[PDB]
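Below you will find one chain, with nothing else, as structure tokens; this is the form deposited in one PDB entry, and questions on how it binds or moves follow later.
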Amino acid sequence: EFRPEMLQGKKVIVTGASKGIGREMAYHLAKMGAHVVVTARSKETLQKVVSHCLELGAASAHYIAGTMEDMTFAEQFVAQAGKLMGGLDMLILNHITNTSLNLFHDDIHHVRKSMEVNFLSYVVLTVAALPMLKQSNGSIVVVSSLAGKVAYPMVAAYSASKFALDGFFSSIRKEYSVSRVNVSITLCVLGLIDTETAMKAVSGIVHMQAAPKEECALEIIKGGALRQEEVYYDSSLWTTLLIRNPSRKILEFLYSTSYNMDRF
């Protein structure tokens, strides 16, 4: 069972932590006395998150600013953050590119950028962070959505990227398992959360309950620290008891001996 002590002194990276769910996570970690490196593009809002992080009692707090469109930056960032904290225990992958609810017409530029930022940079960051994470037997935490398990209209490019995350990360989990690479991977499936970006975007289009930004953030941190494979968090419990797919876990198992990894 979870205890706040678990994060004490741990070295954690949070991406897209200038606002919303990201920022809330940085604050939780600050309260648990962890080492924290935060990132986003806006260095003003990032300075402010760092200050409050030190206030709340973080072991240390730093930021590095830059866009996750830039794959060179994503690689360099992880290294620099590692040197700042002298190692890495948890990689919380949270950022997403500016997106809004719209019918898809011919906006290929958006579909591309969505894969580039929401998915591809998550990979680039994982590659960079893995050596340090093997060292500490750490954790990767990937923030996904209900849109990354079931289909929604108006978030097509977004949904695609969030689906890709499940495919990739659920796949390398199986690789790590048999390679005895001892890094855990948590995929967090979130429903509507009352962040400002969210509430603006869904206003007048979608209607239903939003779950609170603060509790959601903790639920994520909880799941990663307890090395859970998935965290489900939504207002409706009917969702949390239907979003699960035991069929898939069974299939992935019946297939599990039908290949042979020993060769690697």
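Residue indices: 1-based, along the sequence shown. Here, rigid core means the biggest group of C-alpha atoms that superpose within 1.5 Å across both forms. Residues that one form lacks are left out of the comparison.
The same protein also exists as the form deposited in another entry; that form is not shown, yet it is the one meant from here on.
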Quiz item: Rigid core as reference, CA moved 2 Å or more between this form and the one not shown - which of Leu54, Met199, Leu226, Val206?
Solution: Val206
Self-check item: Core superposition between this form and the one not shown, C-alpha change of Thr67 at least 2 Å
Solution: no
Quiz prompt | Large Cα move at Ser42 between this form and the one not shown, threshold 2 Å, rigid core | solution = no
Quiz item: Given that the CA-CA distance for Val206 and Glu116 shifts by 3 Å or more in the other entry, does it become closer or farther?
Solution: farther
Quiz item: What happens to the Cα distance from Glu219 to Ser235 in the other entry: does it get closer or farther than here, with a change of 3 angstroms or more?
Solution: closer
Quiz item: Can you list, in sequence order, the runs of 3 or more consecutive shared residues with C-alpha shifts of 2 Å or more between this form and the one not shown on the rigid core?
Solution: 205 to 208, 234 to 243
